[PDB]
Amino acid sequence: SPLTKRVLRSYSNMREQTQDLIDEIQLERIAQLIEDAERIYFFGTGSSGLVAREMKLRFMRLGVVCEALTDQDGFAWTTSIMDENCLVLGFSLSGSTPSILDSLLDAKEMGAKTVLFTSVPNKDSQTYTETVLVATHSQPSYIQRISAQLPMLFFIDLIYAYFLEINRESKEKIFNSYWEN
Amino acid sequence: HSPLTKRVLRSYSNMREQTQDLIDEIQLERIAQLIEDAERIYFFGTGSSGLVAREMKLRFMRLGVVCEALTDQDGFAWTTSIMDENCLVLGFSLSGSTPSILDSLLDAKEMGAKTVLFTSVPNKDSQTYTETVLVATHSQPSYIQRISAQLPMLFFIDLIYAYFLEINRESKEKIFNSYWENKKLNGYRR
Amino acid sequence: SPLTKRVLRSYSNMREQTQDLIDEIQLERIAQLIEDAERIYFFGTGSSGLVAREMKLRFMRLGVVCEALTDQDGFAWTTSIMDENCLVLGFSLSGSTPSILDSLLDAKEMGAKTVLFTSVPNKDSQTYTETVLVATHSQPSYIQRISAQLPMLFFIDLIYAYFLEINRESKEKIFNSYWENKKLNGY
Amino acid sequence: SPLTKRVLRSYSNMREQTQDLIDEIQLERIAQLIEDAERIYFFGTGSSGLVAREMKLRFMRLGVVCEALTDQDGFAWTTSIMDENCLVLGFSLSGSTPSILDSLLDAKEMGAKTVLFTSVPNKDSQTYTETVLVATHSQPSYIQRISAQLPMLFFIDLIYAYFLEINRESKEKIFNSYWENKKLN
Ligand SMILES: CC(=O)N[C@H]1[C@@H](O)[C@H](O)[C@@H](COP(=O)(O)O)O[C@@H]1O
Ligand SMILES: CC(=O)N[C@H]1[C@@H](O)[C@H](O)[C@@H](COP(=O)(O)O)O[C@@H]1O
Ligand SMILES: CC(=O)N[C@H]1[C@@H](O)[C@H](O)[C@@H](COP(=O)(O)O)O[C@@H]1O
Ligand SMILES: CC(=O)N[C@H]1[C@@H](O)[C@H](O)[C@@H](COP(=O)(O)O)O[C@@H]1O
Ligand code: NA
Ligand code: NA
Ligand code: NA
Ligand code: NA
């Protein structure tokens, strides 16, 4: 079908793009930032808010003390209780959502480490501990683009893989207590 | 390149190939007319399947659809009690075994609503439902190494949405674009 | 203990003030607006978002087709699909949260009816369909106030009672269906 | 107007009952338990989940590290990461909602301290660190009852006030940081 083709092309295109963006040493660094962090936070709005919730679900099941926030007040009250043992991962596909960029800046002022995920090379000039570049959507118009989560989910999974192999014995045992009840 | 990076990327590409196989262009085209047809659309799911339900709500409301996503059983119960034949429920259960979802689809049918189930496991119990959409399985046998549980569903969501937007498009594109109108006080501008 | 007495005094004072604020005719009108509307929206942020969510829960069980939204994008996308048959209830205790005031102005431009709940009167609110005055708190310092939901819960409960007596038999049946032996998800 | 009086009587009745049920020493203890805890969890379903969400909002702004959980999957994954530095507050007005009773039991097994809030006493809550009795409602028919949050909000506000006075200076600094010139109010 012609519409079926557009969707599957958008999928393989961002697949094809994601291949070229992957910085494996950056991803293993982030996995280590998570392991070393005491408290970990995921910020995003809209569909990037859904990505942040997905991450909370998966890493909490490997034993991570974390929390997903998806609005401005939640960002403000949460950054006000961060310190140097915290890590914040911010998700913003455009790179331009002010609540996310401002909340990463607030977290940095409190000494937290910061990671921004975005499809737009940052203009902030290496302001955050890390900036993970994700695929851009192929479709030019917002209305026909595929799930905004997808560029982010790729890197979700990649970091998940690297993180699972740090201290896995302790993490597989936490994962499996769910089925064992 | 890395082995871990290697395992993740073939998980993605295998479900791209297995998805490619499972599509039924005409079933998804049908499911698209049911959303237009319904007056009230509900999306039900738990865990990661709830996140899929939340995303459908976000995308279809922006095309003008009256809809709501629910993600625990009490919301299923109270919501099904106000359904009628002009209601459509989409239920998401990758395992196909989550009782809260199967039971609330049975509940929705009782009220006369049309019903669609999304699952990686086929069955004959789902014959009760108006449609059953078959989605890709993951490939990692280890549940803990599987890639994100949303993905088999996001494919078919993207497919149905692609179809849905071409039904009565002018007015759906109007509603979508209003978020960027300069008059919209809570809009993107701000 | 004086702490204990201070908290309890806050609850008593709120209840006294609420009685002094009630306009029963207005509350009856608002009950009627809910019943007449085809779709009802509850808008709030922070503690006022929780108020909105509870109202959605209780009125859904009486058959109302309704939704609670608690952020700016939810407000914008929802107002863009409103019409003459919709009703928006906005909760802002301070009466000044811009997203809420703006969301009701956007709703009004789509033809929808609008109700603002606030503890701070204003002549700017003159533009909405109804303005419901709720109680202020009685602790001068914000950090010692009791829950910010409470002024609103009083009036939600008043509206609920008036509403339940409008075509009650049909609403009590929907509410009772949750306990029906046929109801699978139900307890 | 008989309606208006009924709703107001329900509020007054609950205030009067709440005062009779308060155990001031227990509340100070729970306030001290929250401070002493490293991580605090609030569990509730339905209206009791909104109560838990508001507790999270208010105690976080005083510097508490906490999270609210309002469904069964969330409870299990959270208990599987608890330990002795943890406190969980469980809200069940009926006292009989199984996901709440069970998961609090899981949490004690993990080493966590436990607090059930309920309006129905029971001897099989004697396994928890604390049981806070809250007020029942005063309407016979469930459909005519006031917000189900209210019995819990009374006691949450009591605990809040006790807690605010432990190390108040540092808590007021965190609370006020929301109004400092830093980004995102
Ligand atoms: C272009 C557009 O529609 N944006 C809306 C959402 O689709 C998006 O998910 C969210 C976060 O956007 P991000 O921060 O760029 O991810 O912002 C807006 O809600
Ligand atoms: C299936 C599983 O192992 N773990 C959780 C999620 O990953 C899952 O998405 C959801 C079940 O919903 P399902 O998709 O119908 O299975 O909740 C499960 O507890
Ligand atoms: C002063 C302050 O700290 N306000 C916060 C919340 O306590 C409040 O619930 C919300 C709603 O404000 P409202 O619109 O006046 O109800 O705004 C902020 O999130
Ligand atoms: C009797 C009834 O309708 N119960 C429903 C809710 O109103 C209640 O808020 C929740 C928690 O029950 P609780 O655990 O006793 O607080 O359970 C059910 O959703
Ligand atoms: Na695309
Ligand atoms: Na896979
Ligand atoms: Na007060
Ligand atoms: Na009552």
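So you know, we letter chains A, B, ... as the sequences are listed, proteins then strands, and number each from 1. The figures that follow rest on heavy atoms only: side chains count, while hydrogens, waters and symmetry mates do not.
Put simply, CG on D/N167 and CD on D/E169 are 9.5 Å apart, with the number rounded to the nearest 0.5 Å. Taking CZ from A/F117 and CG from A/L93, the interatomic distance works out to 12.0 Å, rounded to the nearest 0.5 Å. Annotation: the span from C/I166 atom CD1 to C/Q32 atom CD amounts to 4.0 Å, rounded to 0.5 Å. Separation of atoms CG (C/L33) and CD (C/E28) is listed at 10.0 Å; rounding is to 0.5 Å. Here D/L89 contributes atom CG and D/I159 contributes atom CD1; the two are 6.5 Å apart, rounded to the nearest 0.5 Å. Taking CD of A/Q72 as the start and CG of D/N185 as the end, the distance is 9.0 Å to the nearest 0.5 Å.
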Could you go through the side-chain contact (heavy atoms from CB on, under 4.5 Å) check for C/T136 and C/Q17 one step at a time?
-> CA-CA 8 Å; C/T136 62; C/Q17 190 186 156; 3.2 Å; yes
Could you please spell out the steps behind the side-chain contact (heavy atoms from CB on, under 4.5 Å) verdict for B/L63 and A/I143?
-> CA-CA 9 Å; B/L63 298 193; A/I143 205 168; 4.0 Å; yes
Can you check side-chain hydrogen bond (donor to acceptor under 3.5 Å, both in side chains) on D/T78 and D/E67, steps first, answer last?
-> CA-CA 10 Å; D/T78 306; D/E67 191 194 358; 5.0 Å; no
Given the rule in the side-chain contact (heavy atoms from CB on, under 4.5 Å) test, do A/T118 and A/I100 qualify, once you have shown the distances and angles that lead to the verdict?
-> CA-CA 11 Å; A/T118 178; A/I100 298 304; over 6 Å; no
Between D/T18 and C/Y11, does a side-chain contact (heavy atoms from CB on, under 4.5 Å) hold up when you go through it step by step?
-> CA-CA 11 Å; D/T18 292; C/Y11 278 78; over 6 Å; no
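Between B/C67 and B/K57 the shortest heavy-atom distance is O-NZ, 2.7 Å. In plain terms, the two heavy atoms of A/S94 and A/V120 that are nearest each other are O-CG2, 3.1 Å. The two residues C/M14 and C/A135 have their closest heavy-atom pair at CG-CB, 3.9 Å. Among all heavy-atom pairs drawn from B/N182 and B/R190, the shortest one is O-NH2, 3.2 Å. Nearest heavy atom pair, residue C/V51 against residue C/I156, reads CG1-CD1, 3.2 Å. Closest approach of D/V64 to A/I81, counting heavy atoms only: O-CD1, 4.0 Å.
Residues passing the side-chain hydrogen bond (donor to acceptor under 3.5 Å, both in side chains) test with B/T71, sequence neighbours excluded: none. For B/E39, there are no side-chain hydrogen bond (donor to acceptor under 3.5 Å, both in side chains) partners at least two apart in sequence or on another chain. Every residue meeting the side-chain hydrogen bond (donor to acceptor under 3.5 Å, both in side chains) condition with C/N13, not counting sequence neighbours, appears here in chain and number order: C/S138. With sequence neighbours excluded, the residues forming a side-chain hydrogen bond (donor to acceptor under 3.5 Å, both in side chains) with B/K184 are C/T79, C/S80, listed by chain and number. Remark: B/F43 engages no residue in a ring pair (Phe, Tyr, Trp, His ring centres under 6.0 Å) (not counting sequence neighbours). Residues forming a salt bridge (charged side-chain N to carboxylate O under 4.0 Å, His left out) with A/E109 (at least two apart in sequence, or on another chain): none. By the salt bridge (charged side-chain N to carboxylate O under 4.0 Å, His left out) test, D/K182 is found to be paired with D/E180, residues two or more places apart in sequence or in another chain being considered. Listed by chain and number, the residues in a salt bridge (charged side-chain N to carboxylate O under 4.0 Å, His left out) with A/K108 amount to none (sequence neighbours excluded).
Contact of the C/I22 side chain with the C/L158 side chain is registered, since non-hydrogen atoms from C-beta on lie closer than 4.5 Å. Counting heavy atoms from C-beta outward, C/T114 and C/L87 have side chains that stay 4.5 Å or more apart. Using a 4.5 Å heavy-atom cutoff, the side chains of C/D23 and C/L133 are not in contact. In this structure the side chain of D/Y162 reaches within 4.5 angstrom of the side chain of C/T4, judged on heavy atoms. For the pair A/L116/A/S92, a side-chain contact is recorded, criterion being any heavy-atom separation below 4.5 Å from C-beta on. Side-chain contact between C/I146 and C/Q139 is absent, with no heavy atoms from C-beta onward closer than 4.5 Å. Residues C/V132 and C/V115 meet the side-chain proximity criterion, which asks for heavy atoms closer than 4.5 Å. Contact of the D/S12 side chain with the C/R15 side chain is registered, since non-hydrogen atoms from C-beta on lie closer than 4.5 Å.
Remark: of the listed residues B/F176, B/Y188, B/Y179, B/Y179 is the sole one forming a ring-ring contact (aromatic ring centres under 6.0 Å, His included) with C/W77.
A donor-acceptor pair is defined here as one N or O able to donate and one able to accept, closer than 3.5 Å; no such pair exists between the side chain of A/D102 and the backbone of A/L105. With D/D71 contributing its side chain and D/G74 its backbone, the two residues share a donor-acceptor pair below 3.5 Å. Under the 3.5 Å distance criterion, the side-chain polar atoms of B/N186 are matched with a main-chain donor or acceptor of C/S99. In this structure, the side chain of C/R53 does not engage the main chain of C/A68 through any donor-acceptor pair within 3.5 Å.
Note on residues 39-51 of chain D: pairs passing side chain to side chain donor-acceptor pair (under 3.5 Å), not counting sequence neighbours, are C/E54-D/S47, D/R39-D/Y41, D/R39-D/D83. Screening residues 131-143 of chain C for salt bridge (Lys or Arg N to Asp or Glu O under 4.0 Å), with sequence neighbours left out, gives no hits. Among pairs with a residue in residues 113-136 of chain C, those fulfilling salt bridge (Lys or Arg N to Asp or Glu O under 4.0 Å) read C/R29-C/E130, at least two apart in sequence or across chains. Residue pairs meeting the salt bridge (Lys or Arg N to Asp or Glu O under 4.0 Å) criterion with at least one member in residues 145-161 of chain C, sequence neighbours excluded: C/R58-C/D157.
Taking the six-membered ring where the residue is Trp, the centroids of D/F43 and D/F91 are separated by 6.0 Å or more. Taking the six-membered ring for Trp, D/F163 and D/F59 have ring centres closer than 6.0 Å.
No side-chain N or O of C/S147 forms a donor-acceptor pair with one of D/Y160 less than 3.5 Å apart.
Salt bridge status for D/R61 with D/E172: absent, with no side-chain N to carboxylate O gap under 4.0 Å.
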